[PDB]
Structures are given as structure tokens and as C-alpha cells.
Protein chains: 2
Amino acid sequence: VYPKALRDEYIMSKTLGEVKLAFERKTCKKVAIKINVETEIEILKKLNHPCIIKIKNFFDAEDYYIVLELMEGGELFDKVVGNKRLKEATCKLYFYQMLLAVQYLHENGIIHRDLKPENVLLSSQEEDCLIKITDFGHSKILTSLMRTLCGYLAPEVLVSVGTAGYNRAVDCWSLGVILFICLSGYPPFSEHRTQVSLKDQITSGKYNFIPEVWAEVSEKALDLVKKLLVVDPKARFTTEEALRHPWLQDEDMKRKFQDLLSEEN
Amino acid sequence: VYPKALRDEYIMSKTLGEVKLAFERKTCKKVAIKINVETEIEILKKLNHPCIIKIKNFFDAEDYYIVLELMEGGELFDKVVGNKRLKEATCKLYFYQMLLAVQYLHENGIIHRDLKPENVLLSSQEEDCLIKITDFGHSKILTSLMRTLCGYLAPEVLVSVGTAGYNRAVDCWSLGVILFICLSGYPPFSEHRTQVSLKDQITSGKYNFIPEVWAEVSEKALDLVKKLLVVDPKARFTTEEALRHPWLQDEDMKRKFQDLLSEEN
Ligand SMILES: Oc1ccccc1-c1nc(N[C@H]2CCNC2)c2ccccc2n1
Ligand SMILES: Oc1ccccc1-c1nc(N[C@H]2CCNC2)c2ccccc2n1
């Protein structure tokens, strides 16, 4: 069941919510088409950054279709499941780019709110490539406490003034996890074995640690992840602050990357 | 500058944001027309309760016009400024109705978020009448923590689970103030004389008390207001709970009211 307007310009096919693959009926080049719903469309349209999915065209009605230049690399997930881990360089380079996107989002008062390896797509199958992020279905645009101010009011709201603004830290948190994962290979906060509620586990920040593997990582890498998973959003590394962190001061990361951009032209 | 479609069916005139008065160009009967903007229109359309403004017709474009059956009584504010206070009966009857509206709103997962004497309109000039509430421009429709559950996540969000739901208590709080006012004649939390930040004043709940006037109120009335201005939204009287409170168990209040409805037919 395909709308007439759609099948006219493309050849919708397999499956990669879940998104489907199609061929540009004019160039024979392949692309992927996506399948509070206006939000993502409105945002994905505002999205204009290398490490972020870029839209090529849009078509609504029936069901929702957003075609974007396809990422061959697939999901970052696929590359780091079955506890397969990844090389420091891979991580640094990968994560580095994530940091750029997450930063560019926050800079535009945008929150992803759902950052995970799945939503981190790669350029080409190779272990070295560029990475973008998709699925902006949960995002939010942040502009309200101004109404509360200059005026009465209820207590809980007033106190809320001391928290407003740090609604973006959640992305840093998830980025920390995503990083932790790539570097280690295992979930920081896993309901595996251990015990104790996940809420009590994640809220405490006492991530499950296993040196038997964390002994191979860098001396600066772990210290970063550690400073990234802070239970206090106020003391949690800002997307900006992270980029300045030592483990991200790597000419290699910015040399195998600053050129991989020209590999697009 | 009036749109052609508008002046066709009504005679827009004086001023009562601020709302203007107009005459039904078919019946010679008077009505008031109102002047995140779709929200109020969408909600005011869902509004179907005695103690709540009822819409008669809607017209958009240019500037925003929502015509509702006019309240002659005007603002509850007007009746209780200059520290003029009000009789216990007036309050009980008045506030009682407020409690009904605020309840009916919450029952429909609706929050007013801006309850003050101004936004409490009256039926007729008399000291005894029905009262509705308007200005739903700040309201909200409450459905999100379900997304957080059944799934990772950041700490602050998880803890947020222990607060979600009580976003409506703010209306009870303001109702308590509105009540306090009517009963006493003076603001519970006033930056007048005293000192100490309003945030530190309202957040503490230590309302400015003056017995030199609070000695005339009922023995149950004050106890209600007191139990209504609680710094903890979890222990703050629910709109439902309030109606059960002793000071609202008054056959008179429900006799001068249950009949004032038939005074509309
Ligand atoms: O190639 C693209 C070009 C632009 C935008 C997206 C993609 C994309 N997207 C996927 N899917 C989702 C499912 C939920 N989170 C990840 C995906 C999943 C598997 C393999 C390739 C994929 N390629
Ligand atoms: O008569 C009505 C019928 C339906 C809906 C509203 C009204 C209404 N509304 C007012 N105004 C606002 C300004 C901000 N909060 C209160 C108002 C203000 C003064 C006098 C009469 C008024 N009558």
C-alpha cells in the first residue's frame, strides 16, 4: 500500500520506528526514507550539520515519509553488540563527532532526549568513518520561567527556577553511557545479575564496574566517562566542556576526521 | 480596524489580555469577546461547566476574537480590592464554586495555572451570585513518563517519576491564596514592609499573618486556608479533598447556589 505521489519519484523497498530503503527514480542512487509527529519533521528540517541526518525531501499524508541521504555504515549499535567493544581510536573519533552534534543541538536550544548507539549512524562499513544521529521523534525545543518571573505563584514552581536550563544535561548523560559502552563493551547500568532497582541503581550513579576489561582503556578515557555520569545535572560535563577534556585533544582524531569531510565532496 | 466578517454579526465597542464588549447584532443582547494561542481556543471549546466561561462562537485571523456569554458581575478582583474584604457567606459561596471549577478542570486533566480574583468573574452586581473563571491562555493539558518507563535514561528524569502527576496542585495553591485574600483582605505573601526575598518567603510558606483581622473569620475557614497553603504539593489539599472540608459543609452555600442555577434558565 503505497501513495501514488510517493512511488512516482522513488522505488520504496526493504526495511532498515523502523525506516525503509528506496532508490532515486532519476539517479539510481540509493537513499533511506523515514517511516508531536510534526515536531521531528520540523526539526529534521532545521537540522543542518555534518554529524546529523540531513533531509533531502518530505512527503506527508497517509503515512509519514522523510527521505534522507542514506548512511551505509548502519547503526553504531550493530558494530558494538555481543560485547564486541571497539578500539580507542574508533571511540575517540566516533564519540568526538557525537560530541559535536550533541553540542550543535544544545547550541540551537535543541535536546535529542534519546541518544543511543542505534540512533548513531555511520558513513561506510569501514571501522573509520563519520557518524550522524537520527530519530528526532523525542526531541524538544527549549522560555517559560520568564512567565513565572516578573509577577504570586506556587512554591514548587519558584524552586523550579533553580533547575531550569539544565534540561539538556540528559543528552550528556546518555552520551556518557554510549561512550562507556563503546569503550568497555558492557552496560554501565545493567539489571544483569547484581540486583537492586534500576531506578535505585541509575539514580545512585554507582555504575557496575569491571576492571578485568577496563584495564585496556586509556588513562584519560575512563576519567572522562566517569566525569560524564554524574547524578547531578549541574555538575555534569557540558557538551562544550567535554570537547575540551584531555582525551579529546587528539590531532589524530581531528586529522582522520577533518579530511573525512572532504571525502564527501 | 475591524475585520469585515466580525462587524457583520456584532457591534464591537468598549473595553473590559484585555477583552472588549459587543452587542449581538440580531438580538440586541450584550456579550463579551476575547482579544500557544490555539490552546485557549481549543480548551475554551472543551469547557462545558457552569462555573466556567462558555463560548458562543469563534472567529480567527487578523486578531483573535472569542465571544462568550457576558458576565455582568465583572472581576472578583474589583469586589475585594482596597482591602475591602468580604463576608464569610460571600466567600464560602464564591470559593465553593471556584472549588467546583478547579475540580472539574483537574478531572479533565486540565490545569488553569493562573487562578486569581481577576480571572474569577461574577454573574450579577449583587453580593450573591454565581462565579466562573476565564483566561485559559496559560492552561495546560495533562502522559510522558510512560515513555520514560518500559525502557537507560538519565537520573534526574527517573527521580522525576516521584513528582509527576502533582502538576495540578499549583491551582489548589493559588486557590488558597485567592481564598485567603477574600477572607482576610490582604496578600498572604506580600513584599510589603516585612523583607526577605519573595522566593524565600513563598517557598517557606511562612505567610504574613495579622490576627487583628483574622479574628473575625470562622474557626474552620482559617484552618482550611492554612491546610491549603502547604509548601509540599504532595500534602497540599486536593481540589476534591477541599470540598469535603468542614467549612464547605454548608447547606446555605448549597441552597443559595443550587437555586441560583435555575436563575439562569
Ligand atoms: O541510512 C540512513 C540515512 C538517513 C537517515 C537514517 C538512515 C538509517 N536509519 C536506520 N534506522 C533507525 C531505526 C531506529 N534508530 C535507527 C538504519 C537501520 C539499519 C541500517 C541502516 C539504517 N539507516
Ligand atoms: O463578561 C465576560 C463574559 C465571558 C468571558 C469574560 C468576560 C469578562 N472578562 C473580563 N476580563 C479579564 C481580563 C483578564 N482577566 C479578566 C472582564 C473585565 C472587567 C469587566 C467585565 C469582564 N468580563
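Computed from the coordinates by the stated procedures, all read-outs in this text should not be read as laboratory data. For neighbour counting, all protein chains shown are included, and Cβ atoms are generated from backbone atoms with ideal geometry for every residue, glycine included.
Observations on the model:
- Placing unit charges on each Cβ (+1 for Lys and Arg, -1 for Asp and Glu) gives chain A a dipole about its Cα centre, and among A:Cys28, A:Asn167, A:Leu99 the Cα reaching farthest toward its positive end belongs to A:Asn167.
- When the convex hull of its Cα atoms is projected in every direction, mean area for the protein assembly as shown (nm²): 33.2
- Other protein chain C-beta atoms within 10 Å of residue C-beta, averaged over A:20-27: 0.
- Near B:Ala154: Cβ cut-off under 10 Å, other residues only, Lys/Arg at +1 and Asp/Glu at -1. The net charge is 0.
- Within-11-Å neighbourhood charge of B:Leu115 [Cβ basis; K, R +1; D, E -1]: -2
- The simple spin-label model puts a point 7 Å past each Cα toward its Cβ; for A:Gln195 and A:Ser160 those points are separated by 3.9 nm.
- On the basis of the beta-carbon distance and an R0 of 35 Å, B:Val213 and A:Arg147 show a calculated FRET efficiency of 0.60.
- log₁₀ of I(q)/I(0) at q = 0.11, 0.18, 0.29 Å⁻¹ - the stretch A:1-70, Debye sum with one point per alpha carbon: -0.25, -0.68, -1.50
- Long-range amide H partners of A:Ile52 with built H, under 5 Å: A:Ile133
- Backbone N within the stretch B:84-127 under 15 Å of label point (7 Å from B:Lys14 Cα along the Cβ vector): B:125
- Each copy carries a label point for A:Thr15 at 7 Å from Cα along the beta-carbon vector; from one copy to the others these points are 6.1 nm apart, nearest first.
- Relative to the Cα centre, the charge distribution of chain A, modelled as +1 at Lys and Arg Cβ and -1 at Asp and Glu Cβ, gives a dipole magnitude of about 240 debye.
- Environment charge of A:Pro233, counting only residues whose C-beta is closer than 12 Å and scoring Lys/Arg +1, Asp/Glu -1: 0
- With R₀ set to 56 Å, the beta-carbon distance separating A:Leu243 from B:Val1 gives a calculated FRET efficiency near 0.60.
- Sequence-ordered 3J(HN,Hα) estimates for the stretch B:97-103 from the Karplus curve with 6.51, -1.76 and 1.60 and θ = phi - 60° stand at 5, 3, 4, 5, 4, 3, 5 Hz, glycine and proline given as x.
- Global form of chain A, assessed from the alpha-carbon gyration tensor, a/c cut-off 1.5: oblate
- Computed [θ] at 222 nm, deg cm²/dmol, chain A (DSSP H ≥ 4; -39,500 (n - 2.57); rounded to nearest 500): -9000 deg cm²/dmol
- Distances, shortest first, from the label point of B:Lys227 to those at the same position in the other copies read 5.3 nm; the point lies 7 Å along Cα to C-beta.
- Whole-Hz Karplus values for the stretch B:55-72 come out as 7, 9, 6, 10, 8, 9, 6, 6, 10, 8, 10, 10, 8, 10, 3, 5, 9, 6 Hz, taken residue by residue from phi with 6.51 cos²θ - 1.76 cosθ + 1.60 and θ = phi - 60°; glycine and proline positions read x.
- Residue-averaged beta-carbon neighbours from other chains (10 angstrom radius) around B:155-168: 4
- Amide H contacts of B:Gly73: B:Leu122, B:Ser123, B:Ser124, B:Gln125, each under 5 Å away and 5 or more positions distant or on a separate chain (H built 1.01 Å from N in the peptide plane; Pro and chain starts excluded).
- Amide H contacts of B:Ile111 (H built 1.01 Å from N, under 5 Å, at least 5 apart or other chain): B:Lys140, B:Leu142
- Counting only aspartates and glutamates at least 8 places from A:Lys220 when in the same chain, those with an alpha carbon closer than 20 Å to its own are A:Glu88, A:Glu212, A:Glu240, A:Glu241, A:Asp250, A:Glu251, A:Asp252.
- Links that overshoot a 30 Å alpha carbon limit, given the list A:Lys54/A:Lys206; A:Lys20/A:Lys79; A:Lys14/A:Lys227; B:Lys26/B:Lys87; A:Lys116/A:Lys206; B:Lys14/B:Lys132: A:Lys54/A:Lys206; A:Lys14/A:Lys227; B:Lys26/B:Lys87
- Label-to-label distance, nm, for residues given as A:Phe58 and A:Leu21 (7 Å Cα→Cβ offset): 2.7
- Compactness of the stretch A:1-137, taken as the C-alpha radius of gyration over 2.2 N^0.38 Å, stands at 1.08.
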